[PDB]
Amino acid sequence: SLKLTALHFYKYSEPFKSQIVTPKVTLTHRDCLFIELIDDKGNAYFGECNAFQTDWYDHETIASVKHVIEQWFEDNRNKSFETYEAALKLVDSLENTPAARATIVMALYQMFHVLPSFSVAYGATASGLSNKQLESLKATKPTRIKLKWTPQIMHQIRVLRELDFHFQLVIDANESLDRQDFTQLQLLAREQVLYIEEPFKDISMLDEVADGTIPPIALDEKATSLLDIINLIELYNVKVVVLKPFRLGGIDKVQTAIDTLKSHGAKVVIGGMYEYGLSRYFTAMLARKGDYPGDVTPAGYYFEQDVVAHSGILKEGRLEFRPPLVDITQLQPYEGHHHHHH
């Protein structure tokens, strides 16, 4: 049997190697909330929250999650549970706050499973084709390349198809295309594109092009909740869904979501978002459940220093993962007398 006796909040905030610049936000650092739950035997387990400092991506933030988890602990502390299933029952009331729920579930999961060491396929992401990017692709030989849609897309695919290795091609249009892009979208269909992520901000635009004359469509930004994903699938021609575990409420909600989405005729790709090494491990762990290889980010892609080192090290086309062990000296108390600044 187990009982949760203590809860501590920490913060980690490393700078992005390359400043993040998107229409929705500018990020210099990845502020992140971490929780630590200690059981009645003094065993500590950590959870990584995927919420951001502000609501540019979602309504849940680091602050809102902290408050939710803090209250949750007050209501569940000292309660005994003997199984993972029983543990999950305590968070059933947090389904309205998926980011908070997912953070707690990440910790609970570790209390009942022996974490394996494993690898996942390496999928490269290119926002363009600089020499640095091209040389990286040639040296690493990814089995999948996700190219960002830009005015140079066709001129860049021409270069990629001359690489000496075969790969699946995915295009990410970032909800940026318009009616003037129809012709190129149809031409892209002849380039063996596995799927194109979010061609239009207004998904209804899909009804304006002949079905089957453009690449398979995937939801990413629009894959907000299982219910909403199903609603979009039933209304528009969607074939692929990029699922982020935290948006579903956590690790335990992934399989059921995948089964449901498959019953609706959609394929699933597990993905992450600016994660540190702890959450990255679990996103990678779930990757195998998908119909296509997961969208797992390599170690060191965003941050020079991580809270969990060697989490997703690229080796001969695959990302290697080890059971995640948080380096506590990297974490800082979230608030209180022990939260210091210099």
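So that there is no doubt, residue numbering starts at 1 and follows the sequence shown.
**Student:** Comparing 70-78 with 94-102, which has the greater mean CA B-factor as deposited?
**Tutor:** Higher mean C-alpha B-factor in the PDB entry: 70-78.
**Student:** Of 156-164 and 182-190, which one has the bigger average CA B-factor?
**Tutor:** Higher mean C-alpha B-factor in the PDB entry: 182-190.
**Student:** Name the one of 250, 212, 151, 199 with the greatest CA B-factor according to the PDB entry.
**Tutor:** Out of 250, 212, 151, 199, the record gives the largest C-alpha B-factor to 212.
**Student:** Which listed residue, 274, 301, 34, 57, has the largest C-alpha temperature factor in the record?
**Tutor:** That would be 57.
**Student:** For residue 246, does the deposited CA B-factor place it in the lowest, middle or highest third of the chain?
**Tutor:** Middle third by C-alpha B-factor.
**Student:** Looking at the entry's B-factor column for C-alpha atoms only, identify whether residue 137 ranks in the lowest, middle or highest third of its chain.
**Tutor:** Lowest third.
**Student:** Taking the C-alpha B-factors as the PDB entry records them, is residue 318 in the lowest, middle or highest third of its chain?
**Tutor:** For residue 318, whose C-alpha B-factor we compare with every modelled residue in the chain, the answer is the middle third.
**Student:** Comparing residue 130 with the other modelled residues of its chain, is its CA B-factor in the lowest, middle or highest third?
**Tutor:** Middle third.
**Student:** Which third of the chain holds residue 237 when residues are ordered by C-alpha B factor: lowest, middle or highest?
**Tutor:** Its C-alpha B-factor, which the entry lists for residue 237, ranks in the highest third among residues of this chain.
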